[PDB]
Amino acid sequence: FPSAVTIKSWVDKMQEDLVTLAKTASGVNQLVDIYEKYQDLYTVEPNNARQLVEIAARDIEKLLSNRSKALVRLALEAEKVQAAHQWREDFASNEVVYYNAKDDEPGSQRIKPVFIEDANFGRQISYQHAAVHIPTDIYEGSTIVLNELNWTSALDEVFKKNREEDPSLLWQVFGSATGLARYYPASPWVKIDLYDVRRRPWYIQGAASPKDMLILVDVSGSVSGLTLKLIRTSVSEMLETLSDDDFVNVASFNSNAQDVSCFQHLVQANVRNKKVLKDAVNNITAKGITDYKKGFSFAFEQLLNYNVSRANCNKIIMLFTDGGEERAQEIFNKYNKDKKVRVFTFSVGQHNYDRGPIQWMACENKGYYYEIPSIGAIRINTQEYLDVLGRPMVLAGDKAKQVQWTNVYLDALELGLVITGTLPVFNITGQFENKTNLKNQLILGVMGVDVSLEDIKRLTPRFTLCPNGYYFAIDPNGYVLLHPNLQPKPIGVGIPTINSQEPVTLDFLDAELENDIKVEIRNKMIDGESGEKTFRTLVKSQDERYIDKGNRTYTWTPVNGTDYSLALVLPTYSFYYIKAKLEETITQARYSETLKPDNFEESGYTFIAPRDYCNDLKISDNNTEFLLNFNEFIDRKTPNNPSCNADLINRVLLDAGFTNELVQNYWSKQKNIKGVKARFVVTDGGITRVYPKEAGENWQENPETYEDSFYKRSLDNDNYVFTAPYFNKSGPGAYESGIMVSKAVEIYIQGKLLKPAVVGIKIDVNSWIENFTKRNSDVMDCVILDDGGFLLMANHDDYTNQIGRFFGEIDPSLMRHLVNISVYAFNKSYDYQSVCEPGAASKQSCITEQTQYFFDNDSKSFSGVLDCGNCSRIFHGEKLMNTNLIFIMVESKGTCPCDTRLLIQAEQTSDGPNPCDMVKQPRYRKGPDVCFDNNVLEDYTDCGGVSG
Ligand SMILES: *[C@@H]1O[C@H](CO)[C@@H](O[C@@H]2O[C@H](CO)[C@@H](O[C@@H]3O[C@H](CO)[C@@H](O[C@@H]4O[C@H](CO)[C@@H](O)[C@H](O)[C@H]4NC(C)=O)[C@H](O)[C@H]3NC(C)=O)[C@H](O)[C@H]2NC(C)=O)[C@H](O)[C@H]1NC(C)=O
Ligand SMILES: *[C@@H]1O[C@H](CO)[C@@H](O[C@@H]2O[C@H](CO)[C@@H](O[C@@H]3O[C@H](CO)[C@@H](O)[C@H](O)[C@H]3NC(C)=O)[C@H](O)[C@H]2NC(C)=O)[C@H](O)[C@H]1NC(C)=O
Ligand SMILES: *[C@@H]1O[C@H](CO)[C@@H](O[C@@H]2O[C@H](CO)[C@@H](O)[C@H](O)[C@H]2NC(C)=O)[C@H](O)[C@H]1NC(C)=O
Ligand SMILES: *[C@@H]1O[C@H](CO)[C@@H](O[C@@H]2O[C@H](CO)[C@@H](O)[C@H](O)[C@H]2NC(C)=O)[C@H](O)[C@H]1NC(C)=O
Ligand SMILES: *[C@@H]1O[C@H](CO)[C@@H](O[C@@H]2O[C@H](CO)[C@@H](O)[C@H](O)[C@H]2NC(C)=O)[C@H](O)[C@H]1NC(C)=O
Ligand SMILES: *[C@@H]1O[C@H](CO)[C@@H](O)[C@H](O)[C@H]1NC(C)=O
Ligand SMILES: *[C@@H]1O[C@H](CO)[C@@H](O)[C@H](O)[C@H]1NC(C)=O
Ligand SMILES: [Ca+2]
């Protein structure tokens, strides 16, 4: 091949022939003057990070404090009404009136509501009464249910007062310990219905304090058969009652005690850790001699570790067995002489073995005894231990009445991602005399109010910041409360197979790329500190195909109301923004005609961003429909805009004149420029003005400019960015659409560098290959590629048919050597909110690894020898300056008859990372500071064996 000097000269002409075309046709240099000729039409305003985070954090406190006041109002009225209730035994004479949610009966009258449609909720609701959900295995009309349906009727007059005071109030619910849930407003319930209010995460978190469960499983020979698969089901059903604040481990014993999994100590019991225990429990076999002394010694020695992260709270042992004659009093007299550990015992299956020793362990230690004779008793009996664990919480008094917020989860009544407040309700009947204390140690139920994530996202406006700026808040666990990467889909825990139940818990470090600085930031935010940090990091693009570096200025502050912490990611070139200032109406009238669809023939195809201009307008998925309503809204409404905020209206209208000016003044001068398929401009305001109206059919970008991959990618780079096309019918037209070449504009007003908009062209392939010719050879092939290894041209004209495909998919030998020569670095990450086709053993959820490639260093010239084996291939690569393109000079593939394994850049389904070694060095976290257990006044004289 020609020497380096010849290649550099040859590629310099290509650089000078491609940059010039994009520089001139698009008009980036001439758009700055437009933004600099009309300075007095706007003004620049600062974006100070410190106030922005603290303003939003204070607003989040108020929103989370309004619902706290609504919770204490409901808990107070529920307590004082239950005391006044007089227990009855007949209801035929006095029929209770209520609306049953699950319907299309003597002893209880039903209601027929109006069910008008309403916003906020996505269903038909009725603000006149509260609906009741009764589980399908709980019989309405019983004395327990009917009595609960009576005294839980004064709650409706408190439900309306909360809604009238806070019109933005979402579901207010009362989860009763009987089993029925009463929620407001009334709506019909959402195959077979298996919903139980007592098993929901918001109910379990308010019914007891965090725990340190440790399951003991009897895997001796006597449990083989039916009673072994009941034990396996019961243990799995018990693990569903553990949140991320609880730490669990599963062990087994048959003349020898050992763990069922790879953990060997208490683990955080998140979604991934619980799936490992569920997989290991299903693979146990029943054989050997039972030995309770060695099984319990192992359990007691695992609850006394204190070397790892724990909950430092309720320490319980759940023993799943059948029966026996051994009491093991010496183990209990040695390990817990002061009874710091509760023991819960379960007798699974139908058998003739002694249960006396089993019931004895549950009475000496302050626990309970449960019986599971069939598969139908598994669900009820595996959630009743929370009644015992709540005894020290009730005796606490008003100290236990602390509002708690759950993890982000999906609402049962489909409403999106929500978090729920929580407040337990105590049975305080006969409190004046304080004499009964027999059933007053249990909670009546749990109060709860839902807060949608859209409500929180409204308190953190994002349109004043650049498209690369965003807010995010995290729990004191690392889980993000709000984040741009968080999606309303369940997370995956492995590879699915075919033969709302779990929270959407996504860590902050698993939402974006993980750095050493970000780990230090995450720990500081968890502790509840304030600070800032400016650093360089590589940020993934919108489409998981590119990675680019930039400067960020993470600023975080704590939220005083709760344990959350809020941070704002503000990059450079975003500390100032253009705020439109207007005092007339002729400019608005003049700019209104620019967006008329009938004028698109001469003004270009104009898009529009579906933002919240005001509540009267309706956001739709059809831009033409929503644009049509927008243009006949500025005029049909008075310019003062009593209900529409002028900040957003002035923003789009002002850019409607700037962008149209470029179209008319310059883009209208030339209508045919070589092989330019389309000229476009995307701005911060929200209008996109692709000039050829016919070419607008090929535009397949998001109408909202903030969610455009090329917009964010071009902002960081101070050069031209080439966007590779898609492949395999992912988009319409490979050569019928062109190659996008973005370019961000930059202006200086008063010494402040700003990036309002970007422009670009869509160069045709046919007009591009002819320039590259100066061809179908069988000796060597020359192509160009992009900061990611995607093909844009070809020499053999066989790779031309696959423009926009990863380079490693067609010539892995050279591609793999490029990584080894340090020109194309890469980093991999896991995507947990992904959907994939199932395997074999209906697209389920799974973890898919992602790989992105990028330039390693700033070196321009690359050359070397590729030794594929008994061959000699020598290449030469050169970087096209002012862009992200590189040109290589390598021989043909046919010279060396070597075909190595293909290199793939796509979402490959995986199952990692391995949690076996993740628990060895877990991420930093901070547990709750409250703890309620081992109360002296606790009765604990009511186990399940004394009665029987
Ligand atoms: C909050 O706590 C209070 C008390 O602290 C609690 O009110 C008490 O409710 C029970 C019912 O569960 C009342 O018991 C009365 O006396 C006996 C005992 O149950 C009942 O007679 C039979 O009992 C058996 C149980 O073994 C039952 O199967 C049978 O159906 C009953 N009836 C028969 C055989 O005909 C009485 O029926 C029952 N009711 C009376 C006498 O009116 C206590 O008297 C209640 N205590 C007080 C002080 O009122 C209340 O339920 C708790 N809150 C909630 C939500 O449960
Ligand atoms: C448990 O079951 C019953 C279902 O409605 C309710 O009992 C009814 O309570 C009403 C209000 O207390 C009574 O109406 C008034 O009662 C007062 C008694 O102090 C008197 O003025 C009159 O009896 C009556 N007033 C009128 C008719 O103008 C009902 O009489 C009474 N029904 C029966 C059969 O006793 C309970 O309210 C209900 N509990 C809850 C919490 O809703
Ligand atoms: C959360 O509360 C803390 C105090 O508990 C607030 O800290 C204040 O910070 C300002 C700015 O330096 C000081 O002038 C105040 O004196 C501080 N408060 C106190 C009580 O000393 C913090 O601002 C609060 N966070 C938000 C977002 O409002
Ligand atoms: C952590 O676990 C170890 C092992 O169970 C505890 O015991 C120590 O073990 C190491 C290694 O043999 C040595 O330091 C001593 O033999 C043991 N005692 C001490 C005081 O270290 C250990 O106590 C646990 N806790 C800590 C903080 O190490
Ligand atoms: C992203 O990729 C970079 C480059 O491939 C990696 O960071 C490099 O890691 C090696 C090994 O520790 C260091 O010798 C280099 O100095 C690093 N490059 C830097 C810091 O620019 C790593 O895979 C990713 N970078 C992260 C996670 O920060
Ligand atoms: C509710 O919260 C808002 C701020 O989000 C606050 O201004 C208001 O006072 C609170 N209370 C009511 C009744 O609106
Ligand atoms: C699409 O499937 C694979 C994936 O890229 C590709 O190799 C194949 O050639 C494509 N098939 C068609 C018909 O385009
Ligand atoms: Ca046995």
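Numbers in chain A come straight from Swiss-Prot, and the residues shown are 27-130, 139-224, 232-540, 553-827, 843-909, 970-1076, in order.
Yeah, the Cβs are placed from backbone N, Cα and C, and that goes for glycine too.
Taken from Swiss-Prot, the feature phosphoserine applies to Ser119, supported by similarity to another entry. According to Swiss-Prot, the N-linked glycosylation site annotation covers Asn184, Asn324, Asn348, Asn468, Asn475, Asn604, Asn613, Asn781, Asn824, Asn895, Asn985, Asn998 (among others). The domain 'VWFA' annotation in Swiss-Prot covers 253-430. Marked as motif 'MIDAS-like motif' by Swiss-Prot: 259-263. Taken from Swiss-Prot, the feature divalent metal cation binding site covers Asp259, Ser261, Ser263.
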For this session: Please state whether DSSP places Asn985 (N-linked glycosylation site) in a helix, a strand or coil.
Result: coil
Problem set entry | Pairwise CA distance, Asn613 (N-linked glycosylation site) versus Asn475 (N-linked glycosylation site), rounded so that it is a whole Å | 37
Seminar exercise, completed: Neighbours of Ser263 (divalent metal cation binding site) among glycosylation sites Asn184, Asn468, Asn824, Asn895 (C-alpha cutoff 10 angstroms), in sequence order, are none
For this session: From the recorded positions listed here (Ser119, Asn184, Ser261, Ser263, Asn475, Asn824), select those whose CB sits under 6 A from an atom of ligand 3.
Result: none
Problem set entry | Of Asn184, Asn604, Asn613, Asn824, glycosylation sites neighbouring ligand 2, Cβ under 6 A | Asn184
For this session: Determine, for the divalent metal cation site, the additional residues of the same chain whose CB lies within 8 Å of the mean position of the CB atoms of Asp259, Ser261, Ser263; present them in sequence order.
Result: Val260, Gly262, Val264, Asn295, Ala327, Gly329, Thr331, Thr362, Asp363, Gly365
Exercise. Under a threshold of 6 Å between Cβ and any atom of ligand 7, which of the recorded positions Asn184, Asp259, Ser263, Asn475, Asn895, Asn985 are retained?
Worked result: none
Problem set entry | Cβ neighbours within the same chain of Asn468 (N-linked glycosylation site) - under 8 Å, at least six residues apart | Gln108, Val435, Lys480, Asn481, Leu483, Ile484, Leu485
Exercise. Would you say which of the recorded positions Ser261, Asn604, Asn781 has the most Cβ atoms within 10 Å of its own Cβ?
Worked result: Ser261
Exercise. So for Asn895 (N-linked glycosylation site), how many other CB atoms are inside 10 Å of its CB?
Worked result: 14
Exercise. Ligand 5: which of the recorded positions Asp259, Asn895, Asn985 have a Cβ closer than 6 angstroms to it?
Worked result: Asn895
Exercise. So which of the glycosylation sites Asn184, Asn324, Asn604 sit close to ligand 4, that is, with a CB under 6 Å from an atom of it?
Worked result: none
Problem set entry | Minimum Cα separation from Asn604 (N-linked glycosylation site), reported as the residue among recorded positions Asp259, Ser261, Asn985 that achieves it | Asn985
Exercise. Between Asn998 (N-linked glycosylation site) and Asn781 (N-linked glycosylation site), what C-alpha distance do you get in Å?
Worked result: 35
For this session: Taking a cut-off of under 6 Å between Cβ and any atom of ligand 1, tell me which of the glycosylation sites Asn468, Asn613, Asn895, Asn985 pass.
Result: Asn468
Seminar exercise, completed: Looking only at the recorded positions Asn184, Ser261, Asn781, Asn985, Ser119 (phosphoserine) has its closest CA neighbour at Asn184
